[PDB]
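Visitor: Right, I'll just put the structure down here and ask away after.
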Amino acid sequence: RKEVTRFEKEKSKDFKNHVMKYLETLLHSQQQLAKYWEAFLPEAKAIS
Amino acid sequence: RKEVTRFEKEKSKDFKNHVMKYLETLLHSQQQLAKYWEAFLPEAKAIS
Amino acid sequence: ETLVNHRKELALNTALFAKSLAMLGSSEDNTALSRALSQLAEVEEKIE
Amino acid sequence: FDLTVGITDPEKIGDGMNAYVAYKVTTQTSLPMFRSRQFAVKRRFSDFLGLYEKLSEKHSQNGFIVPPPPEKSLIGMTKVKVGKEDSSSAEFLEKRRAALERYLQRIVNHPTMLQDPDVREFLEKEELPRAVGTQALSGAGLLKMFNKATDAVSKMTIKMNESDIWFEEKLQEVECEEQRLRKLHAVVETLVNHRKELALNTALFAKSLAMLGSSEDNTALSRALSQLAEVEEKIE
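Chains as they are written, first to last, in the authors' numbering: chain A, 474 to 521; chain B, 474 to 521; chain C, 330 to 377; chain D, 142 to 377.
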């Protein structure tokens, strides 16, 4: 009982870890994609 | 002389064609990446 | 020719990325996880 | 409580097959079971693994799970996912560090068994911890092999107990789990196959600009393609 309830809380914990890796991929994708595509924006509004 | 000057203007023309394909890839990449990443922005600022 | 070789199986790998969500349906079913992975489905389909 | 380590000190003794590193561990958790409250230890990869597997045998005979360390000595040589202990010297050190801190977080993840004083004092000091741990003493190996051969014959009637009410979920998920991990890590090996040559294709995309330098040289085209160079490098 102890180690399988440890398994449910540990599965919750590392499911949270890889899902926060997924939404962390979403977050650094958001900020990276945003920052270098707005850096590409003036050279898109001008000649590239 | 006629056909090689045709080759220089035709090379200029289709170099312009594939380079406008490159900057067209840049353009549709800009507008597509912009539109669906700003569509992903509210579900990034909320739960995904 | 190497692009013709591996881009098709790359597209098949994106199809298997979509089928990995049914593989997650063969596992714990949490709707907060399910919205994230179903959103990632159309993300990777747009990217592909 | 507190676990913030710094994995440093790549003390290499041999290169290639199963490199052994006395790496730094910055030991947090300044609770009063920890004596000095601020200390950092070194951990030699030949030393603490065998003693930790001894302690793992101990808390296995009273009954617990082990956190998997960076593995070696027939555990890290026989089908972890592929193998290649030769590669655990210079490039998969980051894999060693990653699974190492996974191991450390799972050490933290047993707080009822976190109050074990001997392993706390061993990870609390840097004493070159008992270098006989690199071992080959599998005389119990064939013993548990024919014990497994006996259990595979005589598990059936005991499965019909109240154990079934607790095991049917684990059996369903381990069947679905082996199916999904077979498919998923097959996708991972195909990813290892083709992402590297994809990166090489992006390198050839960069070399295609020198191929354009072997053609008409217009600076308006050149700025666009040199901008696309760092575009595709950022994307890659």
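Think of the CB as a built atom: it goes at the ideal place given N, C-alpha and C, for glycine as much as any other residue.
Restricting to Cα atoms, I'd like to know which of D:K324, D:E371 and D:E330 is closest to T343 of chain D.
Guide: Working through the fourth sequence from its first residue, we reach residue 343 of chain D at position 202. Out of D:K324, D:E371 and D:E330, D:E371 has the C-alpha closest to the C-alpha of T343 of chain D.
Visitor: Can you find a CB in chain B that lies within less than 8 Å of the CB of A347 of chain D?
Guide: Within the fourth sequence, numbered from 1, the residue matching residue 347 of chain D stands at position 206. False, the Cβ-Cβ gap to chain B never drops below 8 Å.
Visitor: Can you pull out the residues from the stretch 492-514 of chain B whose beta carbon lies closer than 8 Å to at least one beta carbon of chain A?
Guide: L496, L499, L500, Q503, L506, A507, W510, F513 and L514
Visitor: By the DSSP assignment, the alpha helix (DSSP H) with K199 of chain D in it spans what residues?
Guide: Reading the fourth sequence from its first residue, position 58 is the one you call residue 199 of chain D. Where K199 of chain D is concerned, the enclosing alpha helix (DSSP H) stretches over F189 to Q202.
Visitor: Could you tell me the distance, in whole angstroms, from the CA atom of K475 of chain A to the CA atom of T168 of chain D?
Guide: The sequence position of residue 475 of chain A within the first sequence is 2, counting from 1. The sequence position of residue 168 of chain D within the fourth sequence is 27, counting from 1. Cα to Cα, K475 of chain A sits roughly 27 Å from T168 of chain D.
Visitor: Can you give me the Cβ contacts of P258 of chain D inside the same chain, cut-off strictly under 8 Å, excluding the 5 residues immediately before and after it?
Guide: On the fourth sequence, residue 258 of chain D is found 117 positions in, with the first residue counted as 1. Once the five neighbours on either side are set aside, the close Cβ partners of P258 of chain D are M174.
Visitor: Taking Cβ-Cβ distances shorter than 7 Å, what residues in chain A pair up with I206 of chain D?
Guide: Counting from one through the fourth sequence, the residue named residue 206 of chain D turns up at place 65. What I206 of chain D touches in chain A: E476.
Visitor: Give a yes or no on whether the C-beta atoms belonging to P210 of chain D and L241 of chain D are separated by under 8 Å.
Guide: Position 69 of the fourth sequence holds residue 210 of chain D. Position 100 of the fourth sequence holds residue 241 of chain D. Result yes, Cβ atoms of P210 of chain D and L241 of chain D sit closer than 8 Å.
Visitor: Please classify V166 of chain D: does DSSP put it in a helix, a strand, or coil?
Guide: The residue you call residue 166 of chain D lines up with position 25 of the fourth sequence. Correct three-state label for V166 of chain D: strand.
Visitor: Indicate whether the contact test is met: 3 or more Cβ pairs, each with one atom in the stretch 487-494 of chain B and one in the stretch 333-351 of chain C, closer than 8 Å.
Guide: No, they do not touch.
Visitor: In its own chain, which residues sit with a C-beta less than 6 Å from the C-beta of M218 of chain D, not counting the 5 before and 5 after it?
Guide: As a first step, residue 218 of chain D must be located in the fourth sequence, where it is residue number 77. Correct list, in chain order: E226.
Visitor: Check for me: the beta strand (DSSP E) holding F180 of chain D runs from which residue to which?
Guide: Within the fourth sequence, numbered from 1, the residue matching residue 180 of chain D stands at position 39. Note, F180 of chain D: beta strand (DSSP E), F180 to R185.
Visitor: I want to verify the contact list: residues of chain D whose CB lies under 9 Å from the CB of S485 of chain B, in sequence order.
Guide: Taking the second sequence and counting its residues from 1, one reaches residue 485 of chain B at position 12. Correct list: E357 and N359.
Visitor: Do you know offhand how far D188 of chain D's Cα is from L215 of chain D's?
Guide: The residue given as residue 188 of chain D occupies position 47 in the fourth sequence. The residue given as residue 215 of chain D occupies position 74 in the fourth sequence. Approximately 16 Å between the Cα atoms of the pair.
Visitor: Starting from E516 of chain B, find everything on chain C with Cβ-Cβ shorter than 7 Å and list it in chain order.
Guide: Along the second sequence, one-based indexing puts residue 516 of chain B at 43. Those within 7 Å of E516 of chain B in chain C are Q368.
Visitor: Taking the alpha-carbon positions, what's the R238 of chain D to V146 of chain D distance?
Guide: Position 97 of the fourth sequence, counting from 1, holds the residue named residue 238 of chain D. Position 5 of the fourth sequence, counting from 1, holds the residue named residue 146 of chain D. Cα to Cα, the separation comes out at about 11 Å.
Visitor: My assumption, with CB atoms under 8 Å, is that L496 of chain B sits in contact with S521 of chain A. Please give the rounded CB distance.
Guide: Here residue 496 of chain B refers to the residue found at position 23 of the second sequence. Here residue 521 of chain A refers to the residue found at position 48 of the first sequence. About 6 Å separates the two Cβ atoms, so the contact holds.
Visitor: Based on the DSSP output, what are the partners of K153 of chain D in its beta bridges?
Guide: Mapped onto the fourth sequence, residue 153 of chain D falls at position 12. The partner list for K153 of chain D (beta bridge, DSSP) reads D:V162.
Visitor: Using 8 Å as the limit for Cβ to Cβ distance, is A351 of chain C near chain A?
Guide: As a working note, residue 351 of chain C is residue 22 in the third sequence. With 8 Å as the cut-off, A351 of chain C does not count as an interface residue toward chain A.
Visitor: Where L283 of chain D and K289 of chain D are concerned, what is the direct C-alpha to C-alpha distance, given to the nearest angstrom?
Guide: Along the fourth sequence, read from residue 1 onward, the residue named residue 283 of chain D stands at position 142. Along the fourth sequence, read from residue 1 onward, the residue named residue 289 of chain D stands at position 148. Whole-angstrom Cα-Cα distance: 10 Å.
Visitor: What is the DSSP secondary structure of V207 of chain D, reduced to helix, strand or coil?
Guide: Here residue 207 of chain D is taken as the residue at index 66 of the fourth sequence, counted from 1. It is coil, neither helix nor strand.
Visitor: Comparing alpha-carbon positions, which option in A:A519, A:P515 and A:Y509 lies nearest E373 of chain D?
Guide: Indexing the fourth sequence from 1 puts residue 373 of chain D at position 232. Ranking the options by Cα distance to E373 of chain D, first place goes to A:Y509.
Visitor: With a 10 Å radius around its C-beta and 16 neighbouring C-beta atoms as the bar for buried, classify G191 of chain D as buried or exposed.
Guide: Taking the first residue of the fourth sequence as 1, we reach residue 191 of chain D at position 50. The residue is buried, with at least 16 neighbouring Cβ atoms inside 10 Å.
Visitor: From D143 of chain D to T331 of chain C, what distance separates their C-alpha atoms?
Guide: To locate residue 143 of chain D, count along the fourth sequence from 1; it is residue 2. To locate residue 331 of chain C, count along the third sequence from 1; it is residue 2. Approximately 51 Å between the Cα atoms of the pair.
Visitor: Along chain D, which residues have their Cβ under 8 Å away from the Cβ of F488 of chain B?
Guide: By one-based count along the second sequence, residue 488 of chain B stands at place 15. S356, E357, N359 and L362, listed in chain order.
Visitor: If distances are taken between C-alpha atoms only, which option among D:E267, D:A277 and D:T298 comes closest to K195 of chain D?
Guide: For this step, residue 195 of chain D is matched to residue 54 along the fourth sequence. For the residues D:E267, D:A277 and D:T298, the minimum Cα distance to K195 of chain D belongs to D:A277.
Visitor: Which same chain residues end up closer than 8 Å to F186 of chain D when comparing Cβ atoms and leaving out the 5 residues on each side of it in sequence?
Guide: For the purposes of this step, residue 186 of chain D is taken as residue 45 along the fourth sequence, with counting starting at 1. Cβ within range, chain order: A160, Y161, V162, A163, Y164, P211 and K213.
Visitor: Taking C-beta to C-beta, are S367 of chain C and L325 of chain D nearer than 8 Å?
Guide: Position 38 of the third sequence, counting from 1, holds the residue named residue 367 of chain C. Position 184 of the fourth sequence, counting from 1, holds the residue named residue 325 of chain D. Cβ distance not < 8 Å, so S367 of chain C and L325 of chain D don't count as in contact.
Visitor: So that I know if they touch, is there some Cβ in chain B lying closer than 8 Å to that of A181 of chain D?
Guide: Working through the fourth sequence from its first residue, we reach residue 181 of chain D at position 40. False, the Cβ-Cβ gap to chain B never drops below 8 Å.
Visitor: Where does the unbroken alpha helix (DSSP H) through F287 of chain D begin, and where does it stop?
Guide: Position 146 of the fourth sequence, counted from the start, is the residue given in the question as residue 287 of chain D. Per DSSP, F287 of chain D belongs to the alpha helix (DSSP H) from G282 to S295.
Visitor: Residues of chain B with CB under 7 Å from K375 of chain C, in chain order?
Guide: Numbered from 1 along the third sequence, position 46 holds the residue referred to as residue 375 of chain C. Those are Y509, listed as they occur along chain B.
Visitor: Out of D:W307, D:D292, D:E303 and D:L264, which has the shortest C-alpha to C-alpha gap to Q179 of chain D?
Guide: Taking the first residue of the fourth sequence as 1, we reach residue 179 of chain D at position 38. The option with the nearest alpha carbon to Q179 of chain D is D:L264.
Visitor: Flag this pair as yes or no: are the beta carbons of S197 of chain D and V182 of chain D separated by less than 8 Å?
Guide: On the fourth sequence, residue 197 of chain D is found 56 positions in, with the first residue counted as 1. On the fourth sequence, residue 182 of chain D is found 41 positions in, with the first residue counted as 1. Not closer than 8 Å, so no.
Visitor: Can you tell me the Cα-Cα spacing of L234 of chain D and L245 of chain D, whole angstroms?
Guide: Looking up residue 234 of chain D in the fourth sequence gives position 93. Looking up residue 245 of chain D in the fourth sequence gives position 104. The alpha-carbon atoms of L234 of chain D and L245 of chain D are separated by roughly 16 Å.
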